Amino acid sequence: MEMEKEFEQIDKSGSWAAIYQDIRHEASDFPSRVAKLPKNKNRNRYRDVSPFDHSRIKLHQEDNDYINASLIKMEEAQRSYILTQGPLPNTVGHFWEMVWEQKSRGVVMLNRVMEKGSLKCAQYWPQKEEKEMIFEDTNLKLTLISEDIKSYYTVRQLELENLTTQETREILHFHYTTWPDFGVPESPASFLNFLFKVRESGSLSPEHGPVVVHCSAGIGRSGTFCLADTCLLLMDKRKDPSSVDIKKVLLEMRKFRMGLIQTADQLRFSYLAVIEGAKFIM
Ligand SMILES: Cn1c2c(c3ccccc31)C[C@@H]1C[C@H]2[C@H](O)CN1
């Protein structure tokens, strides 16, 4: 079926939970043996969210190459994304090592450091120009260059230096700051405006490594971001945009990381975002 009328048909019939459970039943199951090794317990935020072995990002280190991060490679859309958990106190150096090694231009953050009165990720970037951060375990330096605070999101320019080679690179930090502590946003308008700002920066384009996208677990809000982006790109590429099937795209993405889209409300919100976004594109 088309999307907008399939949408109204699920609303009128109140069957979002049944649609979402079907997706959960059909989703791929691949091994995640490296994630579950005892030496990696303090590298995982949640025991039930792990990268598959076949698609995990490897650190360029011979001691321990493990990080909770996955490469989502979308062949028809010609887009790739790295989805990862919010960094932990003992993985902030690994996080920036990955950004460096994978040649990423942008980092997309969809959570606040504290939500619901608890810490959802480490404070992993500097808050003042004159107070830079050094990650001694991976030999990197990170400096805040500029910050632009808007009503729904903040954009930061960061300088990442590999202290071993003295090479430097400019990284863009796109921080969506207004996702509610509970539920999903009422309107997709600010989320879509944010997606378009990331696109306009070059961070999603083939002349760079894959964008790094995270929330707390790296599957719910993060899944919504890449699902909406890929569906909108396919609607622009194909002769028949009504052939784009958001459930089929989500199942393709779940071949590369488990659990993408965590609730039926996130699934409905993803439909809403793609529907409204397709009208603005034209
Ligand atoms: C424009 N720019 C540059 C850097 C940078 C770091 C943060 C923000 C912007 C930046 C680092 C140096 C020179 C240039 C270049 O793009 C890369 N090498």
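Note that we place each Cβ from the backbone using ideal geometry, even for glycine, and neighbour counts take in every protein chain shown. Quick note: the coordinates plus some simple rules give every number you see, no bench work behind them.
A few points about this structure:
- Cα gyration tensor shape for region 202-282, rounded if a/c is under 1.5, else prolate or oblate: oblate
- Candidate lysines - alpha carbon under 20 Å from residue 239, same-chain residues fewer than 8 apart omitted: 5, 247, 248, 279
- Within region 103-262, all pairs of alpha-carbon atoms sorted by distance into 10 Å bins from zero give the percentages 9, 34, 36, 17, 4, 0.
- Whole-Hz Karplus values for region 28-35 come out as 4, 10, 10, x, 10, 5, 5, 4 Hz, taken residue by residue from phi with 6.51 cos²θ - 1.76 cosθ + 1.60 and θ = phi - 60°; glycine and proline positions read x.
- Base-10 log of normalised Debye intensity for the chain (one unit scatterer per alpha-carbon) at q = 0.07, 0.09, 0.11, 0.16 Å⁻¹: -0.25, -0.42, -0.63, -1.35
- From most to least packed by mean Cβ count within 10 Å, the peptides 42-49, 214-221 give 214-221, 42-49.
- Per residue convex hull volume, Cα atoms of region 163-217, in Å³: 128
- Nearest-ten-degree value, helix 264-281 long axis tilted from longest Cα axis of the chain: 80
- Within the chain: Cβ-based charge dipole about Cα centre, in debye rounded to nearest 20 (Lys, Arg +1; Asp, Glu -1): 560
- For region 182-251, GluC sites (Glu not before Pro) meeting the loop criterion (DSSP other than H, G, I, E, B) and having at most 10 other Cβ atoms within 10 Å: 186, 207.
- One Cα centroid belongs to region 102-117, the other to region 7-65; the line between them spans 18 Å.
- Long-range HN-HN contacts of residue 32 with modeled amide H, under 5 Å: 53
- The HN-Hα couplings worked out from phi for region 95-105 by the Karplus form 6.51 cos²θ - 1.76 cosθ + 1.60 (θ = phi - 60°) are 4, 6, 4, 4, 3, 5, 5, 8, 6, 5, 8 Hz, whole numbers, x standing for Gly and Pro.
- Unit Cα scatterers, Debye sum, region 1-153: log10 I(q)/I(0) for q = 0.09, 0.10, 0.11, 0.15 Å⁻¹: -0.42, -0.51, -0.61, -1.01
- Under-5 Å amide H pairs with residue 147, H placed in peptide plane, nonlocal only: 157
- Across all directions, the shadow cast by the convex hull of region 54-108 built on its C-alpha atoms averages 4.4 square nanometres.
- Of 131, 103, 12, the residue with the greatest mean-square motion in the GNM of the chain, using alpha carbon springs below 10 Å, is 12.
- The calculated 222 nm mean residue ellipticity attributable to helices in the chain amounts to -9500 deg cm²/dmol, summing -39500 (n - 2.57) over DSSP H runs of n ≥ 4 and dividing by all residues.
- Rounded to whole numbers, the Karplus 3J(HN,Hα) couplings from phi for region 7-12 are 4, 5, 5, 6, 4, 5 Hz, using 6.51 cos²θ - 1.76 cosθ + 1.60 with θ = phi - 60°, and x at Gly and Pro.
- Cα-based reach from residue 131 at 19 Å (exclusive), listing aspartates and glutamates while leaving out same-chain residues under 8 positions away: 147, 148, 159, 161, 170
- Alpha-carbon centroid distance for the pair region 162-178 / region 231-282, whole angstrom: 29
- Across all directions, the shadow cast by the convex hull of region 106-172 built on its C-alpha atoms averages 5.5 square nanometres.
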